[PDB]
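Undergrad:
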Amino acid sequence: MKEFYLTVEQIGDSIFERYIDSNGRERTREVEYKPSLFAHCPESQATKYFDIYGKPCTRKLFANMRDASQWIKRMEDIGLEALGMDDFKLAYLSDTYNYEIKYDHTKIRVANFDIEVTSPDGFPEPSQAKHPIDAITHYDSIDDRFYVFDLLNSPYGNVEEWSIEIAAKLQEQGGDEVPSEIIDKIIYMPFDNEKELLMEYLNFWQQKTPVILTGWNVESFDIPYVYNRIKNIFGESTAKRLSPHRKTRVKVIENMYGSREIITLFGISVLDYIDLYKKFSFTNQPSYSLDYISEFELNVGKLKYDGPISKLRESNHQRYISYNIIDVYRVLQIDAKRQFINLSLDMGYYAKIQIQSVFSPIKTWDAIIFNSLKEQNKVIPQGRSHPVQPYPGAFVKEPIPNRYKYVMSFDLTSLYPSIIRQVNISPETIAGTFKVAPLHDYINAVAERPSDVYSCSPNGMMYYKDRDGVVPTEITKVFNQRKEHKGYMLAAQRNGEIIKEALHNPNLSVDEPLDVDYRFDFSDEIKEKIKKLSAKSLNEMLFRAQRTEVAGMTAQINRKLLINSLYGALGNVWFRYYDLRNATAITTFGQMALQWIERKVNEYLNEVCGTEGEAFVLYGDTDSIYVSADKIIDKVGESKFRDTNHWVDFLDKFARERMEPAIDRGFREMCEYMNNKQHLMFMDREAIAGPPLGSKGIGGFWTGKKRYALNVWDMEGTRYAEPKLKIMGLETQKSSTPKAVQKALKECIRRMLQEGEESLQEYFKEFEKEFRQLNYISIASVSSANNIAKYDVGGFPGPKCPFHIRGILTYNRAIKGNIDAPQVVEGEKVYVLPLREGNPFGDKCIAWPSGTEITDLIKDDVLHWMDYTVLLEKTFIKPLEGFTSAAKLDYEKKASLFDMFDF
Ligand SMILES: Nc1nc2c(ncn2[C@@H]2O[C@H](COP(=O)(O)O)[C@@H](O)[C@H]2O)c(=O)[nH]1
Numbered sequence: 001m002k003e004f005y006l007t008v009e010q011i012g013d014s015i016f017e018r019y020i021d022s023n024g025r026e027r028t029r030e031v032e033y034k035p036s037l038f039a040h041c042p043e044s045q046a047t048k049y050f051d052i053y054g055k056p057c058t059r060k061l062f063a064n065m066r067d068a069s070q071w072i073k074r075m076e077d078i079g080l081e082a083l084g085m086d087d088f089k090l091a092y093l094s095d096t097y098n099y100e101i102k103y104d105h106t107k108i109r110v111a112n113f114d115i116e117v118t119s120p121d122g123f124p125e126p127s128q129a130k131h132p133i134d135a136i137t138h139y140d141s142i143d144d145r146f147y148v149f150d151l152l153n154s155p156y157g158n159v160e161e162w163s164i165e166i167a168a169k170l171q172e173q174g175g176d177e178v179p180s181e182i183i184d185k186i187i188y189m190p191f192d193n194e195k196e197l198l199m200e201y202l203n204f205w206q207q208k209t210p211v212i213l214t215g216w217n218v219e220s221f222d223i224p225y226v227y228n229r230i231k232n233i234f235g236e237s238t239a240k241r242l243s244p245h246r247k248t249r250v251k252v253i254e255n256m257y258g259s260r261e262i263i264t265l266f267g268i269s270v271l272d273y274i275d276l277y278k279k280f281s282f283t284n285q286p287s288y289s290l291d292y293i294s295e296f297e298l299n300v301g302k303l304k305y306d307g308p309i310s311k312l313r314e315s316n317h318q319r320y321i322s323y324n325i326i327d328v329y330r331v332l333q334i335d336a337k338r339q340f341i342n343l344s345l346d347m348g349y350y351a352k353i354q355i356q357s358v359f360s361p362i363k364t365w366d367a368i369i370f371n372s373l374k375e376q377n378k379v380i381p382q383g384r385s386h387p388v389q390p391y392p393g394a395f396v397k398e399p400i401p402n403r404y405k406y407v408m409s410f411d412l413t414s415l416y417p418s419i420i421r422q423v424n425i426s427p428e429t430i431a432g433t434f435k436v437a438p439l440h441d442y443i444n445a446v447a448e449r450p451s452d453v454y455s456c457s458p459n460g461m462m463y464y465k466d467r468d469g470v471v472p473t474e475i476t477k478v479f480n481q482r483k484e485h486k487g488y489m490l491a492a493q494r495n496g497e498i499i500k501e502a503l504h505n506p507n508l509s510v511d512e513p514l515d516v517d518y519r520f521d522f523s524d525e526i527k528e529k530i531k532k533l534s535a536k537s538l539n540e541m542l543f544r545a546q547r548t549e550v551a552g553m554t555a556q557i558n559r560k561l562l563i564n565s566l567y568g569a570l571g572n573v574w575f576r577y578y579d580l581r582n583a584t585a586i587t588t589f590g591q592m593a594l595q596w597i598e599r600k601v602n603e604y605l606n607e608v609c610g611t612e613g614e615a616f617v618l619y620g621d622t623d624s625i626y627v628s629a630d631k632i633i634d635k636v637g638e639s640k641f642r643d644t645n646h647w648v649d650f651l652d653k654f655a656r657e658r659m660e661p662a663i664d665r666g667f668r669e670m671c672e673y674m675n676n677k678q679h680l681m682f683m684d685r686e687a688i689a690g691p692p693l694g695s696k697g698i699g700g701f702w703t704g705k706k707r708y709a710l711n712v713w714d715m716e717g718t719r720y721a722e723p724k725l726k727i728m729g730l731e732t733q734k735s736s737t738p739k740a741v742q743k744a745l746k747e748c749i750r751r752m753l754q755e756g757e758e759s760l761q762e763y764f765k766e767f768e769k770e771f772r773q774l775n776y777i778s779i780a781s782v783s784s785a786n787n788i789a790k791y792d793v794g795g796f797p798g799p800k801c802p803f804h805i806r807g808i809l810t811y812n813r814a815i816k817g818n819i820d821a822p823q824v825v826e827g828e829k830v831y832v833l834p835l836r837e838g839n840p841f842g843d844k845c846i847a848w849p850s851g852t853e854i855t856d857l858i859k860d861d862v863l864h865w866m867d868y869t870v871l872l873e874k875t876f877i878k879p880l881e882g883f884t885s886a887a888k889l890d891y892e893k894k895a896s897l898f899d900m901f902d903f
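Read in order, the letters of the sequence shown are residues 1 to 903 in this note's numbering.
(1) Within 10 angstroms of the Cβ of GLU598, are there 16 or more other Cβ atoms? Answer buried if so, exposed if not.
(2) Which whole-angstrom value describes the C-beta separation of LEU710 and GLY697, a residue pair presumed to lie in contact below a C-beta threshold of 8 Å?
(3) Of all the beta strand (DSSP E) runs that stay within the bounds of the region 767-808, which reach a length of 3 or more residues?
(4) Which residues neighbour ligand 1 when neighbourhood means a C-beta less than 5 Å away from any of its non-hydrogen atoms? List them by chain order.
(5) Considering only C-alpha positions, which residue in the set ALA847, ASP634 and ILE268 is nearest to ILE777?
(6) Go ahead and label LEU566 buried or exposed: buried means 16 or more other beta carbons lie within 10 angstroms of its beta carbon, across all protein chains shown.
(7) Please name the residue in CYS801, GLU219, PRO401 and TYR626 whose C-alpha comes closest to that of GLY704.
(8) Would the region 188-200 and the region 88-101 be scored as touching if the rule is three or more Cβ pairs under 8 Å?
(9) Can you check DSSP and say which residues form a bridge with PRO849?
(10) Just reading off the beta strand (DSSP E) that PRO42 is part of, what are its end residues?
(11) Can you tell me the Cα-Cα spacing of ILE526 and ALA491, whole angstroms?
(12) Please identify the residue among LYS107, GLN70, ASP13 and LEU6 whose C-alpha is closest to the C-alpha of residue 930.
(13) In whole angstroms, what is the alpha-carbon distance linking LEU561 and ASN786?
(14) Does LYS600 pass the burial test, meaning 16 or more other C-beta atoms within 10 Å, or should it be called exposed?
(15) According to the neighbour-count rule (16 or more other Cβ atoms, all chains shown, within 10 Å of its Cβ), is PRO438 buried or exposed?
(16) Do you know offhand how far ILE321's Cα is from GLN823's?
(17) Looking at the structure shown, is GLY24 part of a helix, part of a strand, or coil, going by DSSP?
(18) Examine the Cβ distances between the region 477-496 and the region 446-461 and report whether three or more of them are shorter than 8 Å.
(19) Is it true that the region 55-66 meets the region 24-36, where meeting means three or more beta-carbon pairs spaced less than 8 Å apart?
(20) Note down, in chain order, each residue of its chain lying with its Cβ closer than 6 Å to the Cβ of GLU161, except the 5 sequence neighbours on either side.
(21) Does DSSP classify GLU116 as helix, strand or coil?
(22) Suppose the cutoff is 6 Å on Cβ atoms and the five residues either side in sequence are ignored; what does the same chain contact list for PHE221 look like?
(23) Just verifying my parser: in three-state terms, what is the DSSP assignment at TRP71?
(24) How would you write the range of the beta strand (DSSP E) that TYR868 sits in, first residue to last?
(25) Please classify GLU657: is it buried, with 16 or more other beta-carbons within 10 angstroms of its beta-carbon, or exposed?
(26) Mind checking whether residue 906 and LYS465 have CB atoms under 8 Å apart?
(27) So the beta strand (DSSP E) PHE876 belongs to, where does it begin and stop?
(28) Would you list the one or two residues that DSSP bridges to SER628?
(29) DSSP beta-bridge partners for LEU710?
(30) Assuming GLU100 contacts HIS40 under a Cβ cut-off of 8 Å, what Cβ separation, rounded to an integer in Å, is found between them?
(31) Taking the beta strand (DSSP E) that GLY620 belongs to, which residues open and close that run?
(32) Based on the DSSP output, what are the partners of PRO190 in its beta bridges?
(33) For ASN775, count the other beta carbons within 10 Å of its own beta carbon; 16 or more makes it buried, fewer makes it exposed. Which is it?
(34) Taking the straight line between their C-alpha atoms, what separation do you get for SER243 and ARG18?
(35) Which residues bound the beta strand (DSSP E) around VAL453?
(36) Which residues in the same chain have their Cβ closer than 7 Å to the Cβ of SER534, if we skip the five residues on either side of it in sequence?
In structure tokens form, the structure reads like this:
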């Protein structure tokens, strides 16, 4: 096995790298890199090494690493361009792993942890670590074990040990429900005092120094804390030991925040899972609380409990510890069905960057490219700083607030990267410039066609249609690769079927599984020798096909990500290959392509229906368009259908048959008009929506930009049993709306889209009546005290006070007769409730810690003085009104003269 690295780091004039050797052993190296740089030489040179612009370069070998840093500084000062990879780590890696990679993973020490601390006020400061760490869970990927560090004695109450068996019991058995398979994994360890707890943990670390490091919110909390705490009581001199190279760097951040430090641990690759998820989930979420995610992601949730989180140890150490183990597991479980860490491995291993650098598109891509060129003796530019310049972005049509029964949408595949490829946009393919007319004129083909030999953008640009641009040819490769791997992933799957089937008519003695590539399909030759196999040789044979199917796809996905992040790096100033023009070129082209096809579509359609100027294109956003089908349907009469579904196929066919070919054919025009290099602008149908047929429902309706809801039957061809609801921007998600109301509005909406006014009305009446009898929490509002709590503290209020913060002060004011039981409110997430007129608390609203009940000393008073109507209105009716207005509907039946009569 050809080795591979784990981590790299530059300290002084040397590279420090933990890597696995030939026979899988974690070793440490200190190499004094002799980095080489470049400078432009006069034409009359015997050289290879030419930049992306052709100009010749000569190599400059440095001997000593900081010499090169000096050198660079120098050239710049003079005015001379200094070329090459200014980042040496990356230089090293290419230079040392000059081959495709092949990494293991079972040989990579991913440590996953979560620490816990107790505090009167729910949150301690990672910055100063005043409070003792009381619990630490550390799952080790290599050992596949959970190490638990438990603090028996604390000034916040000493406690009893913990029971593995009680942890095992069911909910009703006063048990914690920790899953069996995990139970014999746990390695509990209790401790008297903190000094020992830490001490030991420290030793555990140096003994099993981690490579990747995860957790949930580990980076912003867990890590900074562990770090400081130890520093505080044992001195930084020793805290540094967390670095396998004992080098460390603190760094402060800001915002409303201010002193939010982050410690970079030299030697290890922190990869907070909250980010890891944020970036690759492909699913936009409203909150990132570990509960909510593990709930949607895995259905289960978080260990439920009584009382505030600052009490749980003091009030139920058994569960306190149990919950830690649960948490760490959650993540483990998520990474299993999502493979995020692995993916990270793959990605970084491809590009040859520090793993964490995965988070940065800039670093990632810069590397790739550098490598590509590197093997063709070309030289990369040099990072030039540029000013931030507010260029145009995606196009979003302003919709007409109304109801739209039948609707269907289409998607531009990949867009930005496709555009790049179509126009052949590159820093070194820039041909010229041209007199540019108002964009509007271009999307109408009114403006006169620019260059007769250049690929252009509507902003005035023109690029050569000859030389293949560094960037487009680069993307292309990746885009080819995904096609390649998606291919494999699919082969080992349908090949996986072949094995699963021949296992029912198993065994024909004692044999050997075979040397077969699993990436491609089988061949009758091997399809036969297979029937002849045993349940021992097969099965094992299956594992191999099952594992290559996982690999192939984990690689395929990798590509998908690259492609998406690319525009984001071009649009970024630190990008070595940045250029505002290229940037504005892309975005404006997109901007046009859309409204151009918008025109084309309306054009085509109202001609096919024999109508005039009717605009079907209802809305558009970035890469998608939403057409109105209302007309088409009425044309062939609603009654001519005998089945909700029956229509869907019709629209579907119409799309793929009439529409799509028209679209592409009308898109070709544009390609010639701008006279680009290839066609690449493809759009395919995707959603199809409308009310159930017979149902007096409305299908969909829009409130405004990015604010709409639709009843969907078909999506990208795959049909639905029950209609699904694509809700967008309409606050059924906004974490601020009461959990009760969120389900309530969702229903109203469904009742609108599928049933119609009549249905909606009766519901409104129901939840309205029952509203009063519900649990307060579910109907309370939620916001976060952005700690601007300071900004006011006149002990009392003081103008410009947001309603939010208004209630907080009135809480703390009345909290005065504390008893310690009232959990102090500290700069983070709250509840808030109305409060009728003349209430004895003063002010006219209260708020308290999220996820906590309210201290009985006042709780009942509060409830008594709740302003239900005010509540109802601001939280439920107002957002509701918004919807009804747009859809021309009424949620309250007005006077029918037939009232007063008894039918
Ligand atoms: N081709 C190329 N090599 C670079 C660049 N910056 C640094 N290098 C160094 O050039 C040397 C290798 O060239 P090769 O061995 O492939 O002919 C290595 O020391 C490599 O790290 C760059 O922009 N292009």
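Built from N, CA and C at the ideal position, the CB exists for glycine as well.
TA: Working from what's here:
(1) buried
(2) In fact, because the Cβ distance is near 11 Å, the residues do not count as touching under 8 Å.
(3) none
(4) That query returns the following residues: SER36, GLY84, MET85, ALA91, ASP95, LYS374, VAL379 and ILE380.
(5) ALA847
(6) buried
(7) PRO401
(8) no
(9) Bridge partners of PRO849: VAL830.
(10) Run containing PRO42: none; DSSP gives neither H nor E here.
(11) 15 Å
(12) The shown model of the chain, from 1 to 903, leaves out residue 930, and the question about it has no answer.
(13) 33 Å
(14) buried
(15) With fewer than 16 other Cβ atoms within 10 Å, it is exposed.
(16) 21 Å
(17) coil
(18) No, the region 477-496 does not touch the region 446-461.
(19) yes
(20) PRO190
(21) strand
(22) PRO126
(23) helix
(24) Taken as a continuous stretch (DSSP letters only), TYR868 belongs to no beta strand (DSSP E), being part of the alpha helix (DSSP H) at 868-872.
(25) exposed
(26) This structure does not reach residue 906, given that the chain is present from 1 up to 903, and the question cannot be answered.
(27) No beta strand (DSSP E) contains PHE876, which DSSP labels as neither H nor E.
(28) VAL407
(29) The beta-bridge partner set that DSSP reports for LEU710 consists of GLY700 and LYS726.
(30) Not confirmed; about 33 Å, so no contact.
(31) 617-621
(32) Partner(s): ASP150.
(33) exposed
(34) 12 Å
(35) Looking at the DSSP string, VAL453 is not in any beta strand (DSSP E), and its letter there is neither H nor E.
(36) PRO506, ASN507, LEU508, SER509, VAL510 and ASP511
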